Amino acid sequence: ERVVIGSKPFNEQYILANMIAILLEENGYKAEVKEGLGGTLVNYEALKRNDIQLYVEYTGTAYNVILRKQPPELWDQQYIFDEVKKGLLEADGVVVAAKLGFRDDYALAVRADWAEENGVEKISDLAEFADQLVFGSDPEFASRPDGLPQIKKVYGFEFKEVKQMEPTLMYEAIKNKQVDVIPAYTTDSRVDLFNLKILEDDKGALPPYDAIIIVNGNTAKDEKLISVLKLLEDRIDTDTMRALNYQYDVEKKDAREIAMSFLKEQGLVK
């Protein structure tokens, strides 16, 4: 019957899940979006359970949070993709249906004037100031293996204080000085708007986060359903995701409207 689509609680997740729901519905499936079902592992366990049949995950997240693989020497796009696609399949029967075409990385962002004034443009530079800095995390970055724990492993420091909040509130919080550092999402143009400087990950702590549609094993045997999903393969580059996200967060357009209008524009619907 219905193909239920999971989502983590932020812009592109609501947009992409809705975009997949409209496509599936144009091709004769009933679809339902569970917006903001929970974080990565709540969604992944839902997926395993078949409470949802697919959602949009990221290679680095799959690699580190879901599969708990050990970080390699150097992060390599293709290596992480292949290890994720093999590891999801072999471990849980989960299938990468599609690579959407964009990357949505975690990247440490500070207020741009603050880093102008203090001579800071890499993460290893934050070491001198970390004990003075308030980190405003999204719901996951603080505790997950590739987050603050990885910053401590590689860079050797931790922050004065850590606050946790919904992902979309990070941007306001660092604009309004309630926090001083955030794990910004690189597909969020509020990084440019609010005059933040994403810092260089100079020791290569963080993996690439390439966006993928993942589908549970049983849903993936439906070859039609998979071919509908592949209509989105390499269809949204990073710039396009940023612009679509901009529409949602800044211009406050509805997620579904954004998705439908993208899909009309691409010749995929109507």
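Counting begins at 1, following the sequence as shown.
Selected stretch [higher average CA B-factor]: 16-24 or 245-253: Between 16-24 and 245-253, it is 245-253.
Residue range whose averaged C-alpha B-factor is higher in the record, 164-172 or 191-199: Higher mean C-alpha B-factor: 191-199.
Among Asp105, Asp146, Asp138, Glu116 - the residue whose C-alpha B-factor is largest in the record: Comparing C-alpha B-factors across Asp105, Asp146, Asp138, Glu116, the top value belongs to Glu116.
Candidate set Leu100, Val120, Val154, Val96 [ranked by C-alpha B-factor, highest]: Highest CA B-factor of the listed options: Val120.
Third of the chain, ranked by Cα B-factor, where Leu268 sits: Its C-alpha B-factor belongs to the highest third of this chain's values.
Lowest, middle or highest third - CA B-factor, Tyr185: Bottom third by C-alpha B-factor.
Position of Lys30 among the chain's modelled residues by C-alpha B-factor, lowest, middle or highest third: It falls in the top third of the chain.
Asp222 by Cα B-factor - lowest, middle or highest third of the modelled chain: Highest third.
For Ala142, the third of its chain into which the C-alpha B factor falls: Lowest third, going by the recorded CA B-factors of the chain.
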